[PDB]
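Protein chains in written order, with the UniProt record's numbering: chain E, 404 to 503; chain U, 18 to 304, 344 to 461; chain Z, 102 to 151; chain G, 253 to 353; chain P, 10 to 73; chain S, 101 to 274, 285 to 416.
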Amino acid sequence: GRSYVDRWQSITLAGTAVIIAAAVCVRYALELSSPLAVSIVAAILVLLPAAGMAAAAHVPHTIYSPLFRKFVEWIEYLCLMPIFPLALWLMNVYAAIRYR
Amino acid sequence: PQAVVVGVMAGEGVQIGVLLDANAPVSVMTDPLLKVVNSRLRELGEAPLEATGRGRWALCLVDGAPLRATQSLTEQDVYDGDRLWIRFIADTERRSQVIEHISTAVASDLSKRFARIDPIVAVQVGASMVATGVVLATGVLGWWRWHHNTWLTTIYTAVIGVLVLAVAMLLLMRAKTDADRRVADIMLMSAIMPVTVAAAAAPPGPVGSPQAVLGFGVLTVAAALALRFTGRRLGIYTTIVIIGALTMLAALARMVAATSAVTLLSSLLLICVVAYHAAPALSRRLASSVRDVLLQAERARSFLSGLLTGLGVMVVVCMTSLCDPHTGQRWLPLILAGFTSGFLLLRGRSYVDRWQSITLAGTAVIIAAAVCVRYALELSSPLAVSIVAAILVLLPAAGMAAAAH
Amino acid sequence: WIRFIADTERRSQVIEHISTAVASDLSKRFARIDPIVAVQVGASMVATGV
Amino acid sequence: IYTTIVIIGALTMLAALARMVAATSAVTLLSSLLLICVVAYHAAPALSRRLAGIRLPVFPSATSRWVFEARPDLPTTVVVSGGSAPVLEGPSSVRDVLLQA
Amino acid sequence: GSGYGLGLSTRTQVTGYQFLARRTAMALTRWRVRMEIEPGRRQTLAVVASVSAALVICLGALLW
Amino acid sequence: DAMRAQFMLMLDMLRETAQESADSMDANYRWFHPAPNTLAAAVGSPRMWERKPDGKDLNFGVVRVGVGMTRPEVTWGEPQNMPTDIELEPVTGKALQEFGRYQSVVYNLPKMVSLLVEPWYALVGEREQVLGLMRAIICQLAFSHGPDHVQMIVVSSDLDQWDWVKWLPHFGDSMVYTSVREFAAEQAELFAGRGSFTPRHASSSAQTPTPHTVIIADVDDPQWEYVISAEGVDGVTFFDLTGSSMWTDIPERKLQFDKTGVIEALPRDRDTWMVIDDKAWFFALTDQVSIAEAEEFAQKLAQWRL
């Protein structure tokens with residue numbers, strides 16, 4: 404999202420990333436309903452968006468060292484590298500080929 | 018018919034009544050007219066009108082749009098008793114600007130015509146996401162209740178309510194601008210939802226009539242209390258107070274003793290009917345010297361828009377419940393819905409405000425549509441759905457056609 | 102201008118003060134509904150039914 | 253709004269079509285769409301350039317030397333319904349850029 | 010026309026076009042041409058690395 | 101790529117410098133030659149009758165005719181050590197070429213004609229276009245120059261078009287005629303006494319006598335040949351509204367109007383007014399005023415005296 408400066412283009416990218424978490428949390432509570440599951444889901448569903456407001460309010464008026472800014476940049480690349488190796492694993496391709 | 022009397026506005030606000038020639042073209046009058054308004058201001062002891070650099074003098078409507086300089090005052094829709102404005106409009110001539118290299122040119126232009134994200138909007142988005150988040154948490158906690166009405170739901174929700182409310186408390190006391198107040202209001206608006214289900218979840222045993230009474234009670238109290246101390250967001254809070262109070266009475270009656278739902282539904286319909294008639298009176302009683349008039353006018357309007365809306369929610373919920381297509385005289389609730397729709401359709405257009413008149417008009421259409429859809433799903437058949445679709449599509453089409461043709 | 106002055110003629114000669122900025126602003130900010138808008142509303146209603 | 257419809261329509265058509273011509277599996281159709289979307293987010297700013305008709309001219313100066321003193325392009329005249337009196341805006345080549353962007 | 014049609018081209022014309030394409034792409038998303046650092050390149054290379062890593066594992070299974 | 105990117109960034113800073121200089125020229129040209137519709141409000145201001153003939157004022161005898169293209173005040177120096185055509189890099193080669201083609205002219209600036217440069221200016225086109233521009237010329241002259249410096253005469257058959265002229269003081273004397291035979295008896299007796307045309311310039315303006323004469327020809331009388339074939343007289347300037355063959359035989363004195371109101375003429379230098387090319391080209395987009403607007407402005411000006 405920070406690669407886009409337009410107001411609605413950046414908000415849509417951030418919103419899309421957040422809604423994916425919310426939608427998975429709900430699915431995990433209705434099915435396999437249990438006291439621990441609902442207890443854990445209910446906490447995540449309020450703290451996660453709360454941490455977002457906290458970060459949004461404090462980040463614009465603080466100072467960060469070049470070494471930390473360079474570190475947040477690399478998190479994006481480290482997140483892209485595993486998607487393809489993991490998706491093919493979920494599709495069972497490596498086991499399929501090894502057993503022809 | 019040779020002349021018309023109209024009010025002309027001049028610099029900084031002096032209105033002067035003048036008798037103008039009804040057929041000469043307007044451009045012939047603007048020059049001597051400027052002289053006259055200046056002469057009167059000079060005698061009154063005020064400062065005259067003056068030009069600034071390059072521009073021209075024009076005669077315009079109160080909305081600022083200028084009159085066509087060549088047309089007659091009778092040729093334009095200007096009548097005796099109307100008013101006009103004399104105004105200075107500056108010269109717009111300036112050099113054109115060109116950038117040839119497409120890469121730079123796209124950045125330059127695209128940055129001048131649209132708005133980029135900023136820290137002020139970032140916080141409002143954050144507030145909106147937490148509000149949306151907590152209502153999802155109370156939902157799953159409130160869903161578990163229908164199968165396990167144990168202490169977990171109330172114990173877990175109570176702490177959330179206190180925590181959200183505590184944050185809003187510090188924000189409300191620290192806010193300096195309307196931007197800050199919207200953030201706090203969104204946070205406060207969200208605190209009412211967890212406390213409501215938290216209270217209603219306290220009485221044990223299978224959920225129903227006895228549990229419902231607490232929820233609608235605390236909801237009504239909290240919404241009213243928030244309004245009383247905050248004095249903002251009148252509409253949303255008022256609408257909750259109405260549905261809360263009315264539901265509390267029905268919940269109490271059903272818990273104590275009620276022969277049938279039809280009885281309560283009919284009672285609610287009658288209560289709303291009298292409220293629809295009393296609506297403007299309620300608003301009037303619930304609502344340097346000039347300021348006193350401005351504040352009261354919008355206050356009354358705010359209470360009225362919410363009131364008319366809340367009553368609409370109750371009657372649509374009640375009527376859709378009453379119109380069963382199998383029970384008894386299947387036609388009786390349908391004609392009753394028709395009579396109810398007619399009153400709203402005929403009286404809604406008498407209101408002065410657009411949203412109040414529009415919302416009332418729309419309230420009738422949804423009732424007709426909802427009844428039609430109910431008679432389609434229940435007592436389903438190929439002819440029924442075919443008949444329903446024809447009715448459902450032509451009904452609104454006819455309403456539009458009556459206005460468009 | 103040359104005009105006919107009947108015996109019955111009397112003129113107001115009275116002025117009043119209010120800032121034109123507020124008058125023009127309030128005129129647009131709140132006013133009655135127009136048929137131009139109703140066409141959009143009607144179109145939205147028929148679309149909902151289909 | 254129309255562009256959004258085209259994308260879900262096109263990608264869903266290819267999903268249903270795979271399921272129609274071959275049994276395969278749901279997990280595979282879902283995982284495949286995910287990968288197509290990850291690469292599509294990287295193409296979006298370039299794909300959006302061509303759909304709007306932005307063209308990038310590239311050639312070795314027409315196989316000729318530069319003529320710095322060339323006669324500039326003629327400025328175009330425009331009118332408005334109310335503002336019936338015509339006024340010239342500028343070079344036709346530069347006016348499109350303000351719309352294309 | 011001067012540049013229209015489907016005529017011949019050279020290597021410098023191929024890289025030259027890719028430079029203008031990168032420079033104009035960021036102007037649509039970031040609205041500035043300063044291009045202090047060029048992140049479009051890096052975000053693309055990270056995908057190519059992902060695909061290559063998948064192929065190495067995939068081909069490694071066939072050897073087994 | 102690093103070399104390419106550095107060149108592009110430097111080239112845009114030169115763009116800002118030209119754009120900054122261009123803003124200064126726009127304000128100055130409007131401040132001396134405003135649009136005709138704005139002149140009515142400005143009548144009372146000290147900007148009226150401001151122009152002086154005493155040598156230093158370079159705007160004397162100059163009149164605004166419309167808008168178009170003009171050369172900015174920037175002066176471009178050629179790039180040293182330019183690589184040969186086969187050695188030029190494609191991206192930077194075309195960039196420096198297109199940059200030179202557009203940033204060398206500034207668009208939508210006011211265009212002008214000078215009374216001190218030609219014996220006459222034949223206006224050729226439909227009547228409405230020719231008269232529209234002429235009334236604009238008359239009110240511009242009248243607003244910027246006083247009656248002690250400019251005098252105007254009309255010879256016309258269509259007196260119904262020249263009725264508004266009554267109010268302007270510049271048409272007075274210490285004056286509209288029906289034919290050359292009439293004009294010859296009253297006016298030509300004075301003007302035929304001496305001289306022939308001589309193109310002037312700012313410094314020379316101090317020596318020519320104070321009242322410059324503008325004559326409007328709208329009769330198509332063949333009797334005009336005497337003064338026209340003699341190459342006029344100094345202190346006079348004719349505008350032919352008819353398009354007669356005696357006036358229309360010189361391209362250096364012919365203004366051609368397209369159906370869209372675009373005027374074409376030979377290009378003239380901005381600083382010396384000398385003709386620079388023999389082929390006609392785009393000159394200005396015409397501005398015009400109605401008889402009502404002209405009389406409205408004329409009545410406003412009729413209110414003032416020395």
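Ideal placement from N, C-alpha and C gives every residue a C-beta, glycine not left out.
Contact under 8 Å by Cβ, residue i with residue j
i                      : j      : result
U/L451                 : E/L448 : no
S/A142                 : S/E406 : no
U/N40                  : U/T87  : no
U/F233                 : U/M272 : no
residue 322 of chain U : U/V214 : The model contains no atoms for residue 322 of chain U, which sits in the stretch where chain U goes from 304 to 344 directly.
U/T365                 : U/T415 : yes
S/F271                 : S/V290 : no
G/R347                 : G/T328 : yes
G/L285                 : G/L263 : yes
S/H249                 : S/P309 : no
S/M356                 : S/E335 : yes
E/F487                 : P/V60  : yes
Residue i, buried or exposed, once every other Cβ within 10 Å from all chains shown has been counted against 16
i                      : result
U/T255                 : buried
U/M146                 : buried
S/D359                 : exposed
Z/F105                 : exposed
E/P463                 : exposed
U/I134                 : buried
residue 477 of chain U : Since the first residue of chain U shown is 18 and the last is 461, residue 477 of chain U is not available in this structure.
G/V319                 : exposed
U/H118                 : buried
Z/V115                 : exposed
Closest Cα partner of residue i within the set the options
i      : options                           : result
U/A216 : U/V54, U/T174 and U/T247          : U/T174
U/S207 : U/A183, U/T194, U/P220 and U/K193 : U/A183
E/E476 : P/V57, P/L68, P/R51 and P/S61     : P/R51
S/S314 : S/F132, S/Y336, S/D344 and S/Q119 : S/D344
S/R104 : S/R147, S/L188 and S/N137         : S/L188
S/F301 : S/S289, S/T347 and S/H311         : S/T347
U/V79  : Z/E110, Z/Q114 and Z/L127         : Z/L127
U/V43  : U/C77, U/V54 and U/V53            : U/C77
U/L269 : U/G225, U/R191, U/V54 and U/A68   : U/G225
Z/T149 : U/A460, U/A262 and U/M456         : U/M456
S/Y202 : G/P343, G/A262 and G/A275         : G/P343
U/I177 : E/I500, E/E479, E/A440 and E/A453 : E/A453
P/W40  : U/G394, U/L388, U/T121 and U/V371 : U/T121
S/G371 : S/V167, S/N137 and S/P190         : S/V167
U/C428 : U/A278, U/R386, U/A192 and U/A356 : U/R386
U/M204 : U/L180, U/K193 and U/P227         : U/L180
S/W383 : S/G303, S/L216 and S/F367         : S/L216
U/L363 : U/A295, U/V373, U/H382 and U/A243 : U/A295
S/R227 : S/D258, S/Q317, S/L376 and S/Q251 : S/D258
G/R323 : S/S204, S/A312 and S/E299         : S/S204
Continuous beta strand (DSSP E) stretch holding residue i: start and end
i      : result
S/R164 : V162 to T170
S/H322 : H322 to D328
Terminal residues of the alpha helix (DSSP H) in which residue i lies
i      : result
U/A239 : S226 to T247
G/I260 : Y254 to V273
S/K410 : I401 to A412
S/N159 : First-last for S/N159: undefined, no H or E at that position.
U/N55  : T47 to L61
Any non-hydrogen atom of the ligand ADP within 7 Å of residue i CB
i      : result
U/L153 : Of ligands this structure carries none, so the ligand ADP is not represented either.
Would you list, in sequence order, the uninterrupted beta strand (DSSP E) runs of no fewer than 3 residues that lie entirely inside the region 64-132 of chain U?
-> 72-78 and 100-107
Mind pulling the alpha helix (DSSP H) runs of 4 or more residues that sit fully within the region 359-407 of chain U?
-> 387-403
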